[PDB]
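In the structure tokens that follow, the same protein chain appears in two forms, which are kept apart as structure 1 and structure 2.
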Structure 1
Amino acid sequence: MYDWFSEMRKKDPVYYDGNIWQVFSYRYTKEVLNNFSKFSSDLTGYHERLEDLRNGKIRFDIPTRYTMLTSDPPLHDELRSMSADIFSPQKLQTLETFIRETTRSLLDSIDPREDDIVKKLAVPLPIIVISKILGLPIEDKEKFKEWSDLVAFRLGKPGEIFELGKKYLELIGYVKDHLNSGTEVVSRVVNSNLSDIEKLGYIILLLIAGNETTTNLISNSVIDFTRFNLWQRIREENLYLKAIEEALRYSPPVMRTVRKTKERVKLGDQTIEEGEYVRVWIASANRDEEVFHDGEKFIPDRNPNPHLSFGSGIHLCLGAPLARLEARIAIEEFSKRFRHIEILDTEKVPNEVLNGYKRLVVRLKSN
């Protein structure tokens, strides 16, 4: 992948394949993400359907089509404003102790002789934490990890990131069943003037959408630190913060995102018609030499690091403070807990947008 990025960055940073457009350079990627008025996120007809959702003309639909993720201002701002305080670093700092108790308790369950740290650490941690934040009880651990696995690029349902079917209907059942027992954020949404369909989409989004991505951040960090042999240095020079950011830049859990043009617009030398999809390659932009010196090297204390792995502009990941925090703690406790790590086996997440590991088998010595 990355060498193709490197080539496209040289020869067409903005590229039409006869179907859609694809952007590879940092400058044009950031331009696209921030120009919400020409590059829309409304890929699921949320705005056009909003009124009929609220007045009940629309009786049945896929709840996760209608969230802040697939909306433009003002609807987007109004939706996000309901939970932005909760996911701020100031408000999350309360959780540090809980996140840390949880982490070390998850480290305990690990067999240093041989274990899968995706299964033991990286998967359960984001799930335990978001459950705590939302007041939504992990009743069945297996259901929750299965629900988390529904999150995927969907060709070609362009706004959609949830696989449907019986497991999805189970998730809807679960959420209807716990609406009223939730923490205050859930109460905000439940008591709002949103349609029930939107209420479901909103909760499901917060509950589930961030699990695998955060899990991937943790896994990719473990991989990158091990391969490039930085564990000691990170621990000794205390580089956690900047290292995690370099992980995010180098191994982004979300490889790319997409927009649709609201009007004919100009990007670089190219002219993009209206109604065209524009795929924006975060992973490629994160290695643009114009912005990142030695962009193909992993510098654990890289600075500056204005990477795009949480996006840019009004859609800048709501979970970024949370993901950074969980990851920071996970790594810290991990690097303190073990001295030696060898990688026995890996199985990658196999699809196109999500970038991480289904299995990461290690041998660690105990400390």
Structure 2
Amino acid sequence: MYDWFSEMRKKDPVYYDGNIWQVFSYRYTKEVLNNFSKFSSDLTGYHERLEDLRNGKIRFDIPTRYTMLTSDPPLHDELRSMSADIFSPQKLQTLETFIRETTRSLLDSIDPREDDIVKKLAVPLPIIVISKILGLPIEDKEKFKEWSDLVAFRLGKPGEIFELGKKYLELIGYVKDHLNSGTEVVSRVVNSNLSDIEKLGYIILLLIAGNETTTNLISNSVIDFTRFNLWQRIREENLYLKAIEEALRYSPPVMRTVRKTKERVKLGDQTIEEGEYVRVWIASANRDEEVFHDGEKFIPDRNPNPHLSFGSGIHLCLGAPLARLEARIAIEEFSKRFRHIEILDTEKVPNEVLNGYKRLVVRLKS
């Protein structure tokens, strides 16, 4: 649907189709994302229940409705400041050896003749890394794999209520079980003025917000580098940093995000009424010809590359530096292991927001 995106960017960058508003151009998607006053992220009733949560009036509820992702400032900033430096440059420098050793370990498990790199590399890496950072027992990776499906970007589908109930029951129980054995990261959260439900929500967000997305970055990168035959060049010219950024732009793990109008507002030539949902197409903005010359092409050394794959504004992905580091080390170590790669079989996740692969079977020549 990238051709439909281009047509919309040209004729209706801000389009109303009866029920929701949709934005396709780079200029307007960025404007929406940055104007948090007009375009709110308070879509889960968080602000409305903050008083009763902090009072202990609400005792039970789905914890994932109360995270920094579904909040506007000042609440949003009060929450985010508790972990603003979790992925600081110094912290990541120190994690480099652990991340590199971990992917080398995962690569060691790959059978060159024919293996699934999503299963052996892309899925485990982010999970193992976040577990170390949070101080949660890696010995529960498989469970973590299951719970990663709960990431907020994923919308509902019929017949999942029982399955989801099971995961929530286990996940919540696990977090409550390890709230006081985590790193300073979780300690600061557990020792704040937040209600119990919010603490749960906060820890779950940090635990699952980047698993499927980071996995998708690695998978999408492997697919793009292979299909456009760039492995040789990337190693040769050391285009890892720029190439991964071009994968993020071209094959964004998250296709779009949503906002709700906080009052009548004019975006472009349109006046969006108060209380309307606005779908922001990150994938389309990333192809905007005005901002990305030859945007329909995968240019490995494209520079600069101001894509919106991690968002923009106050909710700009907290894990961006980590995701970038993990993916880079993954792709570097992988490239150093094979002389030729061949994609034998793939299976794509069936979702309109999360963009990635469920299976990626390849054959490698070490």
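The term rigid core refers to the most C-alpha atoms you can superpose between the two forms while keeping them within 1.5 Å. Numbering runs along the sequence of structure 1, starting at 1.
No residue of 82, 151, 172, 179 other than 151 has its CA displaced by 2 Å or more between structures 1 and 2 when the core is superposed. Once the rigid core is overlaid between structures 1 and 2, residue 141 counts among the residues whose Cα shifts by 2 Å or more.
The two forms, fitted on the rigid core, differ between structures 1 and 2 by less than 2 Å at the CA of residue 115. Relative to the superposed rigid core, the position of the CA of residue 163 differs between structures 1 and 2 by 2 Å or more.
For residue 91, the Cα shift between structures 1 and 2 is 2.2 Å when the rigid core is held fixed in the overlay.
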